[PDB]
Amino acid sequence: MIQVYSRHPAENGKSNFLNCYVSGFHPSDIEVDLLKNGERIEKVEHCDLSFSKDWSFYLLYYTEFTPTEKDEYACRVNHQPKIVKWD
Amino acid sequence: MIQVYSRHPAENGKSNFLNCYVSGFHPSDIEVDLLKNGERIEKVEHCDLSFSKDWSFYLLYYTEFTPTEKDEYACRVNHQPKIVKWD
Amino acid sequence: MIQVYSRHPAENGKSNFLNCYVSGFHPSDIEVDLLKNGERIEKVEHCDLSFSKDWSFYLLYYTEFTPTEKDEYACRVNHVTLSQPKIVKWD
Amino acid sequence: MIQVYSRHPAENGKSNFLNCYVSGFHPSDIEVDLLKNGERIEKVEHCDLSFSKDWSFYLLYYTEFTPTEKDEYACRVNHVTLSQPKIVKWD
Ligand SMILES: *SCCNC(=O)c1cnc2n(c1=O)CCS2
Ligand SMILES: *SCCNC(=O)c1cnc2n(c1=O)CCS2
Ligand SMILES: *SCCNC(=O)c1cnc2n(c1=O)CCS2
Ligand SMILES: *SCCNC(=O)c1cnc2n(c1=O)CCS2
């Protein structure tokens, strides 16, 4: 499960936060990235939560950004990787 | 940081939950256990939370138990291990 | 946002959990309900997280259910913001 | 429970965070405040987590502070349960 969204609704030229929420199961060699116009963003902060009861994990990758008319943002998940754009 | 407590206040003979909350920093090869009269309890459930922003982790180890007059419970943390009794 | 989903993938006849995740700003007059064929379910528990700094809130409304082909499940959210309460169907 | 602690170990003169963690049952008339020398701090934000299933609640009240030897910091909790409001000092 992958959900991509901005902390606040977007005004171009106003600093904001982009978020990728990811959920899954078991032990797993999964990796996550935020993209700007198709290239990986570096120093992306995350939040990792896991529960032994059901081998479940919950990940939120987030970054400061200033949304612009030009720029295209996405979130990508590999180990094949699945890309979810923001809108 | 280690905090040991029962979900509900204890009536002997009533099923309850014992909890060990542990907090720390950085990457780390730390391990955690709940003890009954000094021996490790098996199949103990946990909750692991970590944040990249400050290399911080937060762990809650919990188990069903029926508190008794006889039995002594603790939480132990190694990698030396530090033992915190419940009361 | 509002997201409706089953804990595990859905097999008709098999016990599962239905979840309504709702996130926003100014909890305020926020009400959330899970419906089965338009009627409120009484098994419904929830998990409320809120932060004072920015009046941000995160809600999970959940219940045990046994999904069937005939049955329709939905989540209902009403807020000062919305002209009319919002219904989000599942699958 | 009530636990008062600094985010990082305390160096006099150095910016830090003070935290008051409060957990219980029936949030109800729960009020929580951080004091500096007996006076409420206005920088105070909080993080509220609650579950309907068992009326269980987990609160973190926090603020930026610069600890000094002279200054006394505390957390104050009042509840229907308590005869009188409880003050827990830090360190
Ligand atoms: S992940 C555990 C609680 N923290 C957050 O959710 C969190 C913390 N800091 C920041 N964001 C968060 O979502 C993103 C914008 S700043
Ligand atoms: S750790 C994330 C949220 N879950 C809990 O805190 C949790 C879940 N289930 C059970 N307990 C919890 O504390 C212990 C008794 S049952
Ligand atoms: S009540 C806190 C546990 N749930 C979540 O944090 C949660 C669950 N589902 C989804 N998100 C969450 O943050 C991300 C978007 S959908
Ligand atoms: S607002 C949720 C983040 N804080 C905690 O979950 C938390 C913080 N500090 C301590 N405990 C927590 O659960 C365990 C006992 S002290």
Side-chain angles (χ1 to χ4, degrees), chain A residues 27 46-53 55 57, chain B residues 1-10 12 15-87, chain D residues 1-12 14 16-24 34 47 49 56-62 65 67 69 73-75 77 86-91:
Chain A
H46 61 108
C47 258
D48 297 14
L49 181 51
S50 71
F51 307 142
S52 61
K53 179 70 147 191
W55 291 267
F57 67 81
Chain B
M1 151 144 208
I2 305 92
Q3 226 64 47
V4 186
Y5 62 97
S6 51
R7 176 173 200 73
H8 295 97
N12 288 19
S15 185
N16 202 36
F17 281 83
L18 180 67
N19 307 76
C20 190
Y21 168 91
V22 177
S23 82
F25 285 97
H26 304 138
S28 54
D29 298 9
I30 193 86
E31 268 196 322
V32 184
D33 296 297
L34 299 180
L35 317 188
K36 178 183 204 149
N37 295 301
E39 48 84 20
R40 136 147 219 211
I41 313 211
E42 91 167 273
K43 301 273 158 188
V44 168
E45 304 289 14
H46 61 108
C47 258
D48 297 14
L49 181 51
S50 71
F51 307 142
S52 61
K53 179 70 147 191
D54 59 354
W55 291 267
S56 73
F57 67 81
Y58 306 97
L59 312 177
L60 182 94
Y61 282 68
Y62 68 100
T63 204
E64 267 175 22
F65 78 136
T66 308
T68 62
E69 295 185 325
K70 169 178 303 197
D71 289 330
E72 178 201 358
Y73 293 104
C75 177
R76 295 176 57 191
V77 181
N78 49 348
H79 193 280
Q80 278 303 169
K82 316 207 172 170
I83 299 205
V84 184
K85 295 174 188 172
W86 170 65
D87 36 55
Chain D
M1 71 183 23
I2 309 160
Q3 285 294 314
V4 184
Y5 63 96
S6 53
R7 178 176 197 223
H8 293 101
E11 297 156 72
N12 292 349
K14 306 322 295 180
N16 204 329
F17 282 83
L18 186 59
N19 306 77
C20 192
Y21 173 82
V22 177
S23 74
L34 296 176
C47 169
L49 177 54
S56 71
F57 67 83
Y58 313 77
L59 309 178
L60 180 72
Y61 281 67
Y62 58 99
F65 79 132
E69 184 159 325
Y73 295 87
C75 184
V77 193
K86 182 146 172 60
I87 298 196
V88 185
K89 299 193 192 193
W90 167 65
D91 282 306

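Because only heavy atoms are used, hydrogens play no part in the values below, and waters and symmetry mates are left out as well, while side chains stay in. Here is how names work: the chains are called A, B, and so on, in the same order as the sequence lines, proteins then strands, and each is numbered from 1.
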Inset, instruction - Calculate, to the nearest 0.5 Å, the distance between atoms CG and CG belonging to B:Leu18 and B:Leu35 respectively. - result: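 Spacing of CG (B:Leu18) from CG (B:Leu35) equals 9.5 Å.
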Legend entry - Flag if over 12 foreign heavy atoms under 6.0 Å of CD, B:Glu39: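 More than 12 heavy atoms, drawn from other residues, nucleotides or ligands, come within 6.0 Å of this atom.
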Inset, instruction - Could you check if a side-chain atom of B:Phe57 sits within less than 4.5 angstrom of a side-chain atom of A:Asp48, using non-hydrogen atoms only? - result: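 Side-chain contact under 4.5 Å: no.
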Inset, instruction - For residues B:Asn19 and B:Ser6, report the shortest heavy-atom separation together with the two atoms involved. - result: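 Scanning both residues completely, I find the closest heavy atoms to be OD1-C, 4.1 Å.
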Legend entry - D:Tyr21 side chain reached by B:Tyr21 side chain, heavy atoms, under 4.5 Å: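 B:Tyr21 vs D:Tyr21: side chains apart.
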Legend entry - CZ on D:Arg7 to CZ on D:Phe17, rounded to 0.5 Å: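 It is 6.0 Å, given to the nearest 0.5 Å.
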Legend entry - Flag, side chain of D:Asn16 to backbone of D:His8, donor-acceptor distance under 3.5 Å: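 Such a contact is found between D:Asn16 side chain and D:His8 backbone.
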Legend entry - B:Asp71: partners by salt bridge (charged side-chain N to carboxylate O under 4.0 Å, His left out), with sequence neighbours left out: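 By the salt bridge (charged side-chain N to carboxylate O under 4.0 Å, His left out) rule, B:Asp71 matches B:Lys36.
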Inset, instruction - Any pair with a residue in residues 35-56 of chain B that passes ring-ring contact (aromatic ring centres under 6.0 Å, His included), sequence neighbours left out, goes on the list, sorted by first then second residue, please. - result: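 Qualifying pairs: B:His46-B:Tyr61, B:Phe51-B:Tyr58.
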Legend entry - From D:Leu49 atom CG to D:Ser23 atom OG, the distance as rounded to the nearest 0.5 Å: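 That separation rounds to 11.0 Å.
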Legend entry - Euclidean distance, B:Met1 CE relative to B:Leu59 CG, rounded to 0.5 Å: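 Going from the CG atom of B:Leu59 to the CE atom of B:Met1 covers 12.5 Å.
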Legend entry - Donor-acceptor under 3.5 Å (B:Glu45 side chain, A:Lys53 main chain):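 Pair found, side chain donor or acceptor close to backbone of A:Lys53.
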Inset, instruction - Could you check if a side-chain atom of D:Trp90 sits within less than 4.5 angstrom of a side-chain atom of D:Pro67, using non-hydrogen atoms only? - result: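 D:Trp90 vs D:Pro67: side chains touch.
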Inset, instruction - Enter the distance from B:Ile2:CD1 to B:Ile83:CD1 here, rounded to the nearest 0.5 Å. - result: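 Going from CD1 on B:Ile2 over to CD1 on B:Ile83, the span is 11.5 Å.
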Inset, instruction - Output the distance between atom OH (D:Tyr5) and atom SG (D:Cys75), rounded to the nearest 0.5 Å. - result: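 So the gap between those two atoms works out to 11.0 Å.
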Inset, instruction - Just jot down the salt bridge (charged side-chain N to carboxylate O under 4.0 Å, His left out) partners of D:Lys89, sequence neighbours excluded, or say none. - result: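 In terms of salt bridge (charged side-chain N to carboxylate O under 4.0 Å, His left out), with neighbours along the sequence ignored, D:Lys89 is linked to D:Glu72.
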Inset, instruction - Identify the two heavy atoms, one from D:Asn12 and one from D:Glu69, that lie closest to each other, and give their separation to 0.1 Å. - result: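 Heavy-atom minimum between the residues: ND2-N, 3.8 Å.
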